[PDB]
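Residue numbers (the entry's author numbering), protein chains in the order written: chain E, 9 to 241; chain J, 255 to 356; chain I, 56 to 440; chain H, 38 to 433; chain Z, 1 to 896.
Take a look at the structure below.
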Amino acid sequence: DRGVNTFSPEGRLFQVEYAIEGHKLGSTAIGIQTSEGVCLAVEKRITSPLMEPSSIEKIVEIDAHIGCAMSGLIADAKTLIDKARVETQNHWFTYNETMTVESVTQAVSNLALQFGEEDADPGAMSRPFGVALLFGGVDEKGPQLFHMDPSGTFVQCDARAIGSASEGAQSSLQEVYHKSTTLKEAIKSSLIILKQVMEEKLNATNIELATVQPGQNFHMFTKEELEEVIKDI
Amino acid sequence: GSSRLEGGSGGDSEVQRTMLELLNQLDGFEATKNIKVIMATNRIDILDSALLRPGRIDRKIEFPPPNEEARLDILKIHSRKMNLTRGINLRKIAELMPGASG
Amino acid sequence: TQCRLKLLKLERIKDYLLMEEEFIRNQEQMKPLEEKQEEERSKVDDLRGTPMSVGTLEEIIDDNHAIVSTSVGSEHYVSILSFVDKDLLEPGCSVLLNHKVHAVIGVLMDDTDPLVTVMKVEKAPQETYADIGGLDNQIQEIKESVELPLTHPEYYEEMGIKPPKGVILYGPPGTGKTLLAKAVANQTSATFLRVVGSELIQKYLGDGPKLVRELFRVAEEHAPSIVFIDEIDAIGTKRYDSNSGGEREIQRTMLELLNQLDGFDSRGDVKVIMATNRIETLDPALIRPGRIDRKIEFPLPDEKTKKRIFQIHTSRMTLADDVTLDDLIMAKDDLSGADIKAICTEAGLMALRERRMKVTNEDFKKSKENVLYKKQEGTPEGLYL
Amino acid sequence: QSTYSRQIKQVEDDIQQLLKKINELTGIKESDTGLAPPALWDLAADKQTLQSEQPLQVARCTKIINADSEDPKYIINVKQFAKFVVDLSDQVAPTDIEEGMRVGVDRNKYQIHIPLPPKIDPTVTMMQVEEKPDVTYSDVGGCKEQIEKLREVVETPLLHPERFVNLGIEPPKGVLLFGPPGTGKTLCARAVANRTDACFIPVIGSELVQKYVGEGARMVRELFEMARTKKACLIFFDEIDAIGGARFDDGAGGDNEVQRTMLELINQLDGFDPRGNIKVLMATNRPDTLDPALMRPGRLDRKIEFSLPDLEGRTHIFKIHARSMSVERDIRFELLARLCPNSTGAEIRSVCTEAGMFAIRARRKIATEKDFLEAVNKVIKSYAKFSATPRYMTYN
Amino acid sequence: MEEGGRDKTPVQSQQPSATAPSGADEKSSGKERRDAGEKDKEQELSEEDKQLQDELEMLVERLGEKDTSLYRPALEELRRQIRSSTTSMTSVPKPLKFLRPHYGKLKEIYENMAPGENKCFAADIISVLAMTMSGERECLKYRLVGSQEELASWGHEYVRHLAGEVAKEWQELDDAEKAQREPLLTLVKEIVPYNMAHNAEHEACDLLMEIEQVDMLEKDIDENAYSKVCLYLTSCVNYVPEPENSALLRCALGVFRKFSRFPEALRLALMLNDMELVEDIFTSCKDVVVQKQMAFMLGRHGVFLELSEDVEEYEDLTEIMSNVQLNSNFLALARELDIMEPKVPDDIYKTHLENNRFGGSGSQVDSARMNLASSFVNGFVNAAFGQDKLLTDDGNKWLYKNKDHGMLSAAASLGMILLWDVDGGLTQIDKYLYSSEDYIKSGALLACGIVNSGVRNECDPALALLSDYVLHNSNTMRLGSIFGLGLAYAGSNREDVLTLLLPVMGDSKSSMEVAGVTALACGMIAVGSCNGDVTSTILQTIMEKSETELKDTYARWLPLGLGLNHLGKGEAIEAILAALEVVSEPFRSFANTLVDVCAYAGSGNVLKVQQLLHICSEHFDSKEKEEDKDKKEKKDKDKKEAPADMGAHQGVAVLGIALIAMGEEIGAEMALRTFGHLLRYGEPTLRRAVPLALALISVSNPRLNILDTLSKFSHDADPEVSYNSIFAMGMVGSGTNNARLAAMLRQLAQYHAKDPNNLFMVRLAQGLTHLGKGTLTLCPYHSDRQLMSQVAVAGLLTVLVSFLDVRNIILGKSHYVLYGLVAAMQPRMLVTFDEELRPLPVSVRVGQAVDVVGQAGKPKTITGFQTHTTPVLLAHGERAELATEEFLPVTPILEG
């Protein structure tokens with residue numbers, strides 16, 4: 009046998025190459041930075057009407073003006089989000105004003121790769137998480153969308169997609185989405201791209217949208233708002 | 255072959271398990287059988303999954319250890335081969351005898 | 056219907072007619088086959104003589120020679136002589152050679168080895184489909200792989216998909232992975248090859264992948280065929296300590312299975328049935344899809360269902376309805392099909408022992424009692440919750 | 038009714054009378070001729086017969102001496118284990134003679150009429166080999182970049198040697214196929230061999246190793262030698278996981294037999310003679326097992342990973358599989374590809390297969406999108422646990 | 001079981017009533033026999049009447065039950081009672097209705113036992129009843145279609161009532177034409193095509209055809225039932241003797257042509273070989289069908305479809321006859337004429353030249369023998385025509401530089417490459433005539449005749465140029481005019497063509513090998529028609545054989561030519577025959593057996609017997625060996641009887657070659673060469689595997705000539721993926737070299753095996769059947785029974801023309817293009833009631849067109865079920881076209 013910790017002759021670690029694949033398994037999430045605000049769209053993709061569609065969430069709040077859509081293993085991401093909630097309010101106690109998209113994202117990413125399978129502390133990871141997070145909000149600086157990877161490489165984006173359609177969708181965004189496309193048009197761009205990975209057509213019970221716009225706090229779109237974008241796709 | 259036994263539940267059990275499989279289904283001679291495969295063992299450890307369950311084996315037999323009766327019955331048929339002198343109780347020899355086998 | 060019948064009569068006639076017409080008429084004719092052809096056959100007999108040294112054709116080489124190892128314990132380089140065709144002969148056959156000058160006169164011999172006999176164990180089940188109680192559907196999913204391309208290959212080829220081969224029968228055992236293998240074989244009415252997995256691991260070193268190759272050869276000719284490999288799990292966990300092949304021998308044999316299944320050389324319409332108690336102790340590639348297409352878990356048969364199967368069992372070991380049918384069933388909580396057999400099989404033994412031909416209630420209670428020592432009833436599952 | 042009854046009884050009856058003819062004419066013992074190619078084959082063999090070739094007992098040249106009788110003299114040892122001092126015939130031309138190679142001598146007067154063909158010492162290896170069959174690219178999954186990379190290595194130098202020589206670069210010998218199973222390493226190896234149109238030798242790793250120690254040295258040694266002499270050989274060493282393992286000894290049997298084949302391949306390749314006209318392709322799922330000698334170049338010039346494909350590649354495996362099938366084109370190839378990512382080539386073919394299983398039960402001739410959707414969600418959840426890839430990819 | 005029961009009123013007790021006569025009935029057996037005679041008629045009517053009602057109900061009820069083994073003997077014993085004195089003796093009005101369920105008793109017996117002997121017997125008894133019933137039978141079939149209580153058996157069984165008609169013991173026109181044949185055909189493809197073939201009820205079917213088409217469309221598959229009747233007629237040659245048989249083939253051809261579905265009609269016409277039949281096909285289809293449909297268009301297309309031999313439209317006896325038929329048929333004069341005219345099929349060939357390219361490796365390598373060999377190769381790569389046009393146009397390099405025999409041969413072969421040009425092939429021919437030695441000039445004349453054929457219908461024809469040429473003194477120039485005239489026309493019964501042959505052909509032995517070819521060429525003119533004869537061929541043949549037969553190639557052509565010339569019917573032949581008969585030779589005796597076949601106008605039963613009392617494997621030097629090999633092959637026979645019967649015949653032909661080889665030491669070498677030609681003519685079931693298998697053994701074995709013949713057919717598929725197979729075969733060809741003599745045979749073999757990408761292989765059958773017939777292939781075959789080849793011998797081999805026209809897709813109704821068509825793919829084969837098998841589409845998409853290739857693309861079918869139409873022309877592309885028939889003047893099919 010050989011370990012998993014080892015570097016391969018390719019020049020990459022095994023555990024990490026697997027973790028990227030974990031991102032690819034889940035549901036697709038689109039986070040678009042427009043200069044009118046930042047919208048995050050995610051597919052519900054429900055298979056049963058007995059479910060209550062409000063409680064299927066994959067947009068969770070890091071902050072009260074930053075929203076986050078997450079992709080890959082839904083469970084694995086949730087822990088990172090739990091630690092993020094404590095930091096944003098903590099930031100309020102110390103600085104006396106609310107956390108930025110950049111500050112929160114770099115701090116979670118340090119934890120992302122730490123892995124030592126044997127002879128490493130139980131207060132530290134044995135394996136990396138297979139989640140890609142999309143932190144999208146507008147903060148003191150302005151609309152910012154930052155993308156976080158399970159490899160712990162953070163980069164600033166304007167349009168990013170992650171999940172099963174991740175490479176396909178990301179290329180397709182670069183095409184339609186530009187900074188000569190308005191916020192409502194970003195919502196239309198995401199909906200079209202969403203359909204190949206979805207098993208059915210787009211509906212207001214099969215998307216969840218939330219936009220954080222200047223001068224406003226995070227709003228979870230209501231059934232009427234979801235339905236107005238459904239009418240024209 | 256004690257080494258075969260503790261190694262993975264017998265190399266000798268391997269032969270038994272296969273013969274038992276062959277005998278479970280074979281040609282049109284599944285219907286009638288007059289060839290059995292019999293195992294002697296003295297452990298329960300060696301017993302794999304096909305051996306352990308009943309309605310896969312016709313019987314699992316538990317032997318009663320040698321008692322006072324068993325020593326007599328075996329002694330009596332043995333004592334005939336040689337000359338004996340009158341007034342010797344066969345009962346007496348067996349009962350003293352603690353044995354450990356026939 | 057009418058067009059088919061006339062066609063068949065004609066086909067049969069044409070082989071016969073042509074062969075015959077040329078011969079007898081050329082006997083009248085003053086130059087063609089005539090005398091020569093009849094003579095040529097006579098001439099093979101006289102040239103060969105008696106005795107004849109036997110050989111086995113390993114391969115024919117296209118250079119006017121073949122490699123036939125003669126029965127004398129040395130190899131011979133034979134030539135196509137004594138009137139014979141090189142291409143006509145197919146590999147692995149035993150051939151007759153003229154001793155006086157090495158020539159293959161012809162082919163008729165095989166000289167039958169005991170290895171093929173061990174492999175071919177024909178079917179004749181104890182119980183079979185449509186005398187088994189409950190979970191009717193569970194059998195039907197199995198059929199998708201095994202039975203259904205044998206019954207009708209038509210549906211599969213027309214759909215245009217890879218013909219399903221290979222199945223893993225897994226779950227806790229008590230459901231009749233063995234019973235299901237026998238049952239499918241009777242119903243399909245195709246050749247049944249039975250080789251136990253333990254048999255692959257031999258006291259000889261390196262014979263194991265060879266034995267696989269032969270198994271699959273014997274299947275291809277026989278085909279449509281089903282191969283039941285009972286208990287694949289046995290070779291991986293165990294080290295019998297009858298070989299020094301080790302972990303390496305298991306590994307090479309498992310690999311040889313893959314090669315024969317799809318590989319570079321495929322074997323036509325050989326399905327594989329793998330009973331296994333577990334799926335985590337098995338080799339990774341062996342259980343990868345595309346060597347199986349259907350994966351199925353057997354959960355244990357239900358406490359109500361045990362009753363519907365029992366009526367049948369009691370009737371087989373002579374019907375009595377004086378039995379406490381319900382009590383025997385109840386104490387045992389959701390476990391093996393094997394226990395129902397044990398309780399009837401034993402009871403009937405006891406009845407005979409008592410000296411009767413009728414199994415009664417007392418006999419059923421007695422057998423039950425003996426069965427609790429032998430097994431553990433269903434008392435394990437009770438203790439936990 | 039009457040006419041047919043009559044014809045059946047009659048035709049059969051005619052075969053009985055015919056029986057003398059059946060044996061001479063068709064074959065099946067006593068003349069197996071049709072006397073269009075045998076008239077020629079027999080004719081040439083006869084001249085041999087008459088002098089001293091047949092009975093030709095297989096023997097081999099142990100040594101070339103000049104002692105006892107004529108200046109050309111050889112000591113041949115027959116496969117009954119007795120030596121004989123023999124002559125050499127010009128009576129028919131010797132053509133394949135080499136020291137240590139099999140040669141043929143006669144039992145009536147022991148002299149070499151004709152040598153046996155080059156290195157047919159294993160007859161066992163030669164029979165099993167297929168020679169370059171045609172596998173269509175409607176079942177060699179995907180388009181992909183992964184397929185294309187191997188071809189530059191294997192196909193181009195054999196197809197055209199012209200180029201390599203002109204520049205003055207040495208031509209490809211080595212490629213390493215490594216990655217977890219079901220990615221069609223075998224599948225591709227076959228396809229490109231026919232495409233190139235050069236001789237295909239596949240050989241199994243298990244067959245190289247056989248009972249006795251140093252028996253394994255005879256088959257490998259002679260296989261590499263046989264390969265070099267023929268015009269253009271590709272030896273596709275198939276699937277060595279533990280049949281290729283690193284040198285060690287346990288003192289019960291050891292790794293000895295396994296390393297034996299391995300070591301034989303090293304001695305003739307590097308040797309004091311280099312690799313002849315032999316190209317080599319390796320399939321391993323475990324490079325973790327292999328010896329440091331094999332892993333360095335001169336038989337492994339370029340390492341290429343043919344492993345689990347990319348996200349775009351999985352869509353291409355669906356499209357190639359659909360062509361083989363006669364199922365709807367109104368079924369979105371893409372939808373299937375997104376629904377099951379992290380799936381090998383084998384798994385995408387099981388989806389198509391499954392889709393068909395649901396379809397037969399329903400009693401449809403054509404698969405549906407409904408059957409399809411269901412087939413991928415069962416594959417992503419259930420199949421993952423069994424799959425070969427977590428353990429093989431860690432070694433790779 | 002219960003005794004009687006057709007004497008009890010409930011409908012349930014009818015079911016035991018059927019079984020009951022096995023024991024006997026209580027009243028029912030005596031009612032019909034004994035009581036009917038014994039007791040008075042009026043009194044009996046009471047008893048009978050109650051019995052009639054039940055008997056009738058029972059008929060639908062029996063069909064409803066599923067036994068045929070308990071059902072069959074029980075009702076059969078009861079049948080004797082009815083026949084005694086309930087048939088028509090009882091009274092006048094009552095029996096007619098009583099015979100209606102009686103029919104039912106017999107039918108089960110008729111059906112179960114599907115042999116031909118039961119069919120016959122069953123018919124004799126049934127026909128008399130029919131006549132007695134006087135039309136109760138047609139109504140009976142109608143009730144059955146409805147099913148009051150029926151639900152299975154009646155579908156095979158009711159057909160049998162129709163089967164009964166054939167005998168006509170007393171039946172005039174009391175049911176022989178129309179008695180619901182049309183529903184019966186539609187459902188059951190099996191039993192009715194046999195009944196249909198014999199009766200000539202098929203005539204009525206023409207009247208019906210419009211109506212029948214509606215069922216044909218997509219409600220039912222009637223299309224399959226029509227396709228079936230041809231299978232039975234060709235097979236019927238062996239069943240019942242040819243003189244009885246010829247009228248039957250002729251009868252089915254009239255009905256098939258009139259009815260719209262042409263492919264079945266062409267197969268019969270081709271077999272007959274007459275003048276009358278070809279003109280008719282155009283006019284018949286037009287008048288019966290009032291709508292334009294596919295029917296008008298079929299008359300043209302059937303000519304195109306037909307594959308005999310050589311030049312485009314093939315037989316071209318039909319094309320020369322068409323020039324005024326075309327006028328009558330009218331779907332537009334101008335259009336119909338331009339498409340029909342070979343300009344349109346030529347035009348598509350030109351467009352194809354650009355994509356096709358050249359896939360082998362050319363050579364026009366100057367000077368020596370190498371030059372002469374090279375000239376041969378040019379034609380060989382295509383095996384026909386492709387983009388060689390560029391190489392050939394330069395005269396100077398290859399042709400002029402060639403020396404001796406090489407100039408004639410190269411020059412001779414040049415016309416065969418340039419066929420499928422209308423003009424621009426011609427310019428090259430005109431130039432070469434001018435230059436150099438007599439040899440180039442002589443081979444050029446033959447070349448002109450072939451090129452000019454690209455346009456005819458009195459649009460600049462072959463005859464006009466060739467007529468002037470015919471006068472030429474030189475034996476080589478004479479041969480070129482006459483051989484070009486038989487090649488180009490390939491059938492003629494114009495006066496001018498026949499009269500030109502009349503005083504030439506004065507040759508009977510010449511130094512030049514090619515002079516023997518003149519006989520073949522005169523026979524070639526006869527083919528496809530009835531006799532006017534040309535005296536000269538007939539006279540010279542007998543004379544030639546006695547005089548020389550030492551040159552084997554020379555010798556083969558003259559008797560063959562003699563039989564081919566005789567072919568057909570007429571009294572012109574009677575006059576020359578007397579002259580031929582006065583001389584009698586042993587030599588003439590074999591030629592005579594071929595004539596018997598010829599005379600009758602195609603035989604296959606007479607031919608069959610003659611091939612048993614054969615000339616096969618017989619010689620005294622080379623005296624009887626002239627026809628012996630040609631006969632043994634029995635290729636003509638194989639193809640003649642059904643595509644289905646062909647499979648078997650083919651295996652036997654192979655076996656037969658093997659048999660000739662055992663017999664003669666000499667024959668063995670010939671028997672190897674014979675296989676490439678046999679395979680090539682035959683259109684075998686054993687197609688790919690066999691020539692290649694032999695080819696490899698032959699490298700190792702001496703005689704390079706074996707590879708060269710084997711290669712013509714072995715080239716098989718043209719590259720799509722076939723490139724791997726061609727290149728490997730080719731590699732073996734190249735490697736070998738040991739002499740120039742040896743080298744020339746190999747060099748040709750290498751380049752023939754190779755094909756340019758998406759061209760086609762050989763075909764001699766029409767591409768919906770294995771029936772064909774060429775005369776073109778007899779020539780290469782004859783000159784390749786020698787050892788080695790010569791420069792002379794090489795020139796004949798270079799031709800393999802009888803190859804496809806490049807359309808194998810949408811011949812269409814307002815299309816006629818090279819451009820593709822929607823196709824779907826099925827691995828399926830479920831049919832056995834199609835002309836060469838064609839499956840039903842599931843409509844799933846795959847890459848455009850069926851393969852332009854002479855093989856393959858056979859299960860790949862047309863989609864015309866989102867068009868809601870039925871194909872007349874079955875999909876194949878072996879030579880076949882994907883066209884469909886609608887009521888509409890145009891197909892509204894989709895393009896892609």
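Idealized CB from N, CA, C, for every residue including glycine.
Closest Cα partner of residue i within the set the options
i	options	result
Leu205/I	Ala185/I, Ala278/I and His368/I	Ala278/I
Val282/I	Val251/I, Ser299/I, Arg410/I and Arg303/I	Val251/I
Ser253/I	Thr272/J, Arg340/J, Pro352/J and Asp327/J	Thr272/J
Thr111/I	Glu94/I, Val201/I, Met372/I and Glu145/I	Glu145/I
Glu130/I	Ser137/I, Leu136/I and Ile122/I	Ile122/I
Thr870/Z	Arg250/Z, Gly386/Z and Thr884/Z	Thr884/Z
Closer than 6 Å: residue i CB and nearest the ligand SAH heavy atom
i	result
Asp423/Z	You won't find the ligand SAH in this model; it holds no ligand whatsoever.
Integer-rounded CB distance, given that residue j should sit under 8 Å from residue i
i	j	result
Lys635/Z	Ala653/Z	6 Å
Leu372/H	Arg336/H	Their Cβ separation, rounded to whole angstroms, is 44 Å, which puts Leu372/H and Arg336/H out of contact at 8 Å.
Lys91/E	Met78/E	With 8 Å as the limit, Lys91/E and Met78/E do not qualify as a contact, their Cβ atoms being about 13 Å apart.
DSSP-derived helix/strand/coil call for residue i
i	result
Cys285/Z	helix
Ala120/E	helix
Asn114/H	strand
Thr884/Z	strand
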